[PDB]
């Protein structure tokens, strides 16, 4: 399973460069988080940064509202969602545990010299807790697949592909059991969200009949 040092090496290596994960508006803040999460965990977070507050998370991930910097651990995905940040959010990756004086260090894009059009390169930033909502804590070492669908009406459904079929997962216990199947039988642990009008999703939905549980 994923080693924290691998993530931190990679993240610290990006400092001074930028990654564009989506092909819009150059190197925005979410681009970094999405790049790292996709390469290391096979998870593509959905939406703007602020959508990290409440979108579903893959197996093993935890989300914590943080009152204090001392709750921040190295390799946490930081979420800003309060105040100015309530509209779009901000994100970046914690490269160190949070400090006792109310500060922390994260590598973020589009923080220094921000740009709506082209974003800005990754930088290592000594932050305070102003606007911080919390963290997503990925499952690091020592401390058949599912996909998500964003519906026309603005909900996120989880779906399970198995035996050439697709199953809508109605509850989190269904989710947990499908993840257990994945684990046992060597399914794929990738998690991506598709908008209801995405052609990838349309092909999947046409090829894999729905069955009910």
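Numbering follows the first chain given and starts at 1.
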In terms of residues present in the deposited sequence but not modelled, what lies between residue 143 and residue 144: none, 1 to 3, 4 to 9, or 10 or more? 10 or more
Please work out which of 22-30 and 149-157 has the higher mean CA B-factor as recorded in the PDB entry. 149-157
Looking only at CA atoms, which has the higher mean B factor in the entry: 31-39 or 183-191? 183-191
Binned into thirds over the chain's modelled residues, the C-alpha B-factor of residue 65 lands in the highest
Please say which third, lowest, middle or highest, residue 58 falls into when its CA temperature factor is compared across its chain. middle
By the entry's values, the third containing the CA B factor of residue 211 is the highest
Thinking about Cα B factors across the chain, which third does residue 103 belong to? highest
Temperature factor at the Cα of residue 84, chain-ranked in thirds, falls in the highest
